[PDB]
């Protein structure tokens, strides 16, 4: 390019910057092609073009002007790229603002969609505000190969779609532009199918929806509703290894943490809206908005000292009772709690407080609700047609045909959508086994094997590995967490080593062992010492997340205090002990709302949490305890930097099962960071209990769960103890401790202390 062309851009004299900016073909070779990407980034001193699916990065050179950049690349096709932009000392990664000339689908868009590789198909399918033939309007587009006709119905045409019949393209996608309408437009797709029957359907790629039980889609100008502020956060994420950082997740179901009065409107960000009543049986109650939650949930979480919030699903879902796990609008956050901008606001604010957001994501199945994807075009479009692989009969739900390109594309792009438009920091996937196995919840004669006669679901595995490959490529530094409950190997290991590509897996065995353990009378724990110690045999085969989730305090399993035997005092001590042992055991951490203040009732998705308990000491003491434990978690690198390496953990002694006692070390880079952890899992205190340590010195009591201010009896070691030249559990020096009742001690060597 010439300097005249650049100056036209710089001084706002150029007629159409799309001629010059963005990606442009220069020439075609035998094997490959020469492209140039061009960018005008004011205030940027440097820029690169990332080709994350190819694992490459090229620098852009300033050209004719310091903020005008060109960068030439040879590669056959250049569909997938981002720009990294440096502005002083900060860097952001973003998609090219000049990627798409026009709002309609190009040959290239469609071609890619049909291979199932259009990672930004959500820019073209759905409904989008744009200009065509010189008029502002909305472009609508939908995948429906076998429909006989489709039309767009909505507010703008009194739900009569005769003047709004869509044009079928390439035998696959229906489109229509509608002028003069824009964002706020309420709409659906009238579809007539193969056999003449005419249903009405929500937009699969819709970005907003009416409040349930209504299902019409709404048009959103998704790129012009919210200003973000989290460039710093995103940069820190992109450049860090979340595996070597503290991760304590507060697990939350938004619709049931706290409610408000239906007697008043729901405040949004600079706006307000009608209240969403929580049930016809609790009509005085309303949901809080994403806006109100950002004001209340975030400071609560920040104070408690959790590093993350993990949401039960928030994709639009029609029945509160599914908890979210049965989704019908994959590409819209639920309208229960307000508008997309309001959720954007929530995430921005989590980030402003250095808290990340993880989203429960539901790619495994969808419900038969007819407004949704089921039998979309009058065929088995999204779901497989064989019910032996396309239904989950016990659940009454449909399974996506992962081998069908446009279906795979729907989900792969959807995951990418949430990181893109909503800036989220990770995902969790429920019940991965449901995807992996071709015989999941099926009995003999009722399922067909793969082509090699295995039970493995080849298409599902491919899909999961694509998801995790792309996600880490486009957004490094994120968390992809899996619950998979069947010994399937390498779940949280890399795709190149034949993993599924998650970087964390819920340790379900641990959970079961821990809760089964704590549930047993203390006297009898001596027969079950192996619940404590078993986990560490298999531990290092995966990067484990230690979760005590929502699923464990429903369906008459009781809340955590409920599971514990003994009187009220012992009940609380068992919680402190379990959770202190959890925060010291190797792994990342997850716990669910209400666990942190001792809720007695099981979690009930139809009400909010029993917040009135916080007005009584025991609950407040327990909440303080969790506040201090989180604070310690974050301040003690031996507790997070080597979670997944041998160096990080070694048992001191776990053989005194008659007293249910176990002891261990945790380690970091620095040897002065090493911790001694001593657990006593019965109400019997111990007066002169010797533990072996590896070095002489004063060991400080860093933490002691029996402290008075946590509800404990206040037995302990008065702040620390001098080690002895006295060999024990195979170590040179040793400690003669007071072990408090149902308690855990965390001690650290202070090598700069006065003998």
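Residue numbers count along the first chain shown, from 1.
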Mean Cα B-factor comparison, 303-311 or 438-446, giving the higher one as deposited | 438-446
So which stretch wins on mean C-alpha B-factor, 421-429 or 98-106?
-> 98-106
Among 363, 587, 566, 498, highest Cα B-factor in the entry goes to 498
By the entry's C-alpha temperature factors, tell me which of 652, 479, 234, 461 sits highest.
-> 652
For residue 638, the third of its chain into which the C-alpha B factor falls | middle
CA B-factor placement of residue 454, once the chain's modelled residues are sorted into thirds | highest
Third of chain Cα B-factors occupied by residue 514 = middle
What third of its chain, lowest, middle or highest, does the C-alpha temperature factor of residue 47 fall into?
-> middle
Ranked against its chain, the third holding the CA B-factor of residue 58 = lowest
